[PDB]
């Protein structure tokens, strides 16, 4: 009938996936759990019949998946995006992980009581990671060349998130600033960001010291 994507009504681990979906113009319904609906989730966690109960979850009627990275890869795999040979598939997983180093580096410290200080540490390292992507892009339109791949959306999500921790972390990385704008210009993405379905905030769980609240 139509695949279902379940997660908290926040950006978190699933935002890049939503972006990929719209880009592919894939049909999908959403199970959005509000901050006061942990009971509704705890009442459904073991009912869906998922192998490893967790959020997010993607039910395809053909499958019952639960790891965010397995879900994003599965979707792209359906559209033959992921590789073509070991070497290319590896290149794409390398991009994946390097963005995760940034995205996860934020999730780690966010939520913590010492966030305000840990922030200093993470931000002092951010430039070295950003640089790797800035160079990559110096001779490629997208992360993997002329064509889009799911890591492009992962990187976009990461960029969106760090700009909130520090509005200036991109000054010094013009290629990254263009890339952020180029992704937003994709007809499908432009349409999505201006739509009712776009979850602009929060970045993390509503409880996080960073990216939380409303």
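Numbering follows the first chain given and starts at 1.
- Taking only CA atoms, the mean B-factor in the PDB entry is higher for 129-137 than for the other of 129-137 and 100-108.
- In this entry, the higher average B-factor at the C-alpha atoms falls on 43-51, of the pair 43-51 and 172-180.
- Across 30, 152, 146, 160, the greatest Cα temperature factor reported in the deposited entry is at 146.
- Sort the chain's modelled residues by C-alpha temperature factor and residue 63 lands in the highest third, per the entry.
- Among the modelled residues of its chain, residue 120 has a C-alpha B-factor that falls in the highest third according to the deposited record.
- In the deposited entry, the Cα temperature factor of residue 192 places it in the lowest third of its chain's modelled residues.
- Ranked within its chain, residue 5 lands in the lowest third, by CA B factor from the PDB record.
- Ranked by Cα temperature factor within the chain, residue 113 sits in the highest third according to the deposited record.
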